[PDB]
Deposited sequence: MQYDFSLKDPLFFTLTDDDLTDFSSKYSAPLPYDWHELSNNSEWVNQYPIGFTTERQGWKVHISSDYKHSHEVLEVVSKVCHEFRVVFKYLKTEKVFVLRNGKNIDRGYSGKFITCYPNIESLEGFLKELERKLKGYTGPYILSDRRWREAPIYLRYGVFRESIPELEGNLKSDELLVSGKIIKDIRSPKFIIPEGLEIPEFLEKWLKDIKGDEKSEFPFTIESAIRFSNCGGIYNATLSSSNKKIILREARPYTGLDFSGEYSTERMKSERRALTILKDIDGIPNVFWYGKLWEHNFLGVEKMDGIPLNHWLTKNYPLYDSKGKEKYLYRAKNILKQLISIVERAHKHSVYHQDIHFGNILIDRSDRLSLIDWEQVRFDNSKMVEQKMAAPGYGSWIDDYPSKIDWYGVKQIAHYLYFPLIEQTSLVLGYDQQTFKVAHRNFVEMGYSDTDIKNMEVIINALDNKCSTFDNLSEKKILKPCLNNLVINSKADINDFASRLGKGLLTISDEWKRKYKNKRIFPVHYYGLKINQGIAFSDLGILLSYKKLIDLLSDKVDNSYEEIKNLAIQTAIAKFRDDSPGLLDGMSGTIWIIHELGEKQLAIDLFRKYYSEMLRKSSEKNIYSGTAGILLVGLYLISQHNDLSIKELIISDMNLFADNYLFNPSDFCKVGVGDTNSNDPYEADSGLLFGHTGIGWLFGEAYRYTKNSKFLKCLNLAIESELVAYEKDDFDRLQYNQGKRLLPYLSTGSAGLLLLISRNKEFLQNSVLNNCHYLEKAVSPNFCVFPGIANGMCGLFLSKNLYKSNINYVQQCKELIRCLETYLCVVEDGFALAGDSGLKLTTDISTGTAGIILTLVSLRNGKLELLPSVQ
């Protein structure tokens, strides 16, 4: 799907639709007596005459402007529009103007300050009067449009309004009507004229009035400032990197454009003319109206890619000289931006994307767009990568050293995104990285030489007093000693206290909303066991029933209103287990509402199985079948039981009949972490089918279900491949994922669970998948895409398992990703940026990990004994 989360809250993820704090200056125009001004958006303000509407399509007029002359161009354009009575609209505030004329907005939606709608007849005089009165006013070229004559007046053929037009005109707001046909309106950085529409005569004259000193081969990245092109200079046949800045774009809140912090970049790269590891400006000049910068193409993959090839994720075998090379890379960075600070040049944006490493370990520092030149002041870092920007308003000389300190901690333990949330997290992971680097077998002199440089970079930064809203989060400096079940119960009670503390503070800040902060992959959902509040309430209940406490006073009312909200929002455009209503009804069954659960399940079973699209356990019919199997195994009085077993038999016959028609049987190409763009593992693939038909075999014994189990194993190990030593991991096209949702940790759970029924030839893979799921460093802490599923696969259904000895490893691994709030624990999900309480990424997955370790059976999926 599409997510519009914002990093505006200091502690939590929040959508931009819930962002309303606008202290910027409001744009306004005078309103005549026979005019009305109406807003029905968060960006635009519509002005229309009384009782006059426009057409549904036609030539719309776009007007762009500067930031300084934007309030006084609105007066001129509104004064023009108040004789030529046309419907025009403009941007709300100055912040909307900056975010529309910024950098990371789409090139087809950018630059539009004022949009006008003359019908067909006032357009000719309207364009002439706007051309006559907009002298001296300049603005960005809008890429989807075409400039009229010389003033910032821009035209396209587009859709004016939504329907109107007698009854409903049988048309939509995305498709135009040319000669009684359906042509879609493409909103792209291009001028699209649909073929066949009658151009007027003056517009026909306007449309009929339509060598570089380099050779551009391709493009690397595109933005509202303009592209970054991989070009080759014609005068030398030498490959460079191009970067353009179309005028009056890249607006920030300082008031600068991309044409100003490009003369700044040219001056910065001219001052640092001869430094090893620094790009050189080779060509700078304006072509038409776009100025171009030719910098030296520094070779090398970025720092995260070099780390992914070179960090000891699993063992020290082969990567036996990592710390010496990382020390050399860090010293190369320190030398480069300390020779840069002698020339009064400050980079102000140092993160893992701005360092490139060669195959011979040579460092290059790029992206000098945000350079400062005069120290002298406590300045604000404008646009910084999260985890690397400075916390306070400091000098330009210390912002680069903070960036170098975070690169130093990145090279020594790759968890940096939580240092922007918890102050002192770089010392929390310092001891963990020391323990990991003495556990692998590294030399003590290499660790000492790394740690001396890191500790010397720690003293080169600024020590401040935390005054922000995220100073309630403290690191875990003291490691807990786990020796008995009381020490495990203390940790579990601290998890339960921190969960309710963070929930109460979220409900304090955001009323009339969700009762729990959730990772941005599931912000605008409240169903299914990955991101819902009901799953967190279930995890809290099974945590209370683990250490035998009582409910936290208002917990019964919280779970009553959560269940009532789930009933009120019980849709049907889903049927999923971990994103929909089968997981919601299994939560309702597990919370203590079993009669209401079987009632509502038998109420919507037929429609909620018939209306479905996918086939996985996540968002396909397998989740419905597994909830029905749990309901008829726990309760043998279901009147809909025969329809459940017949649908399982039909699904089994379809699984034997159709090959590779359930999901993708292959490698794949998607390299993202979105759950809807993954098609493998326990949650998204044939392993969910095997989990369904290894429990259907347990309850309703058939040869067809064991045949489905072996077919699921034989289909799943096609994509699983042997690594360098002994590891079997799934390929997502460009990377390998041993996680519980997409890889080796989900398959081994049912090979170990169904080990008695299954044969020997694919219990032989239990050792090949065992050390492929035991690394030394795991990036995320969650149960699905992280360490708590890696631990659960390694330990659960493995026989002769001690609770205390397993928890002693678990808590020791869990004190890497933890933070302290009140007298409890909180944790950040699969970003590290903001606090999460959900199951698939946040604290409730750890709570369910402890519950599933105590009980011996999973709580993420039904595991009927």
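A.B. asks: Numbering the deposited sequence from 1, which residue ranges have no coordinates here?
C.D. replies: According to the record, the single gap falls at 211-216.
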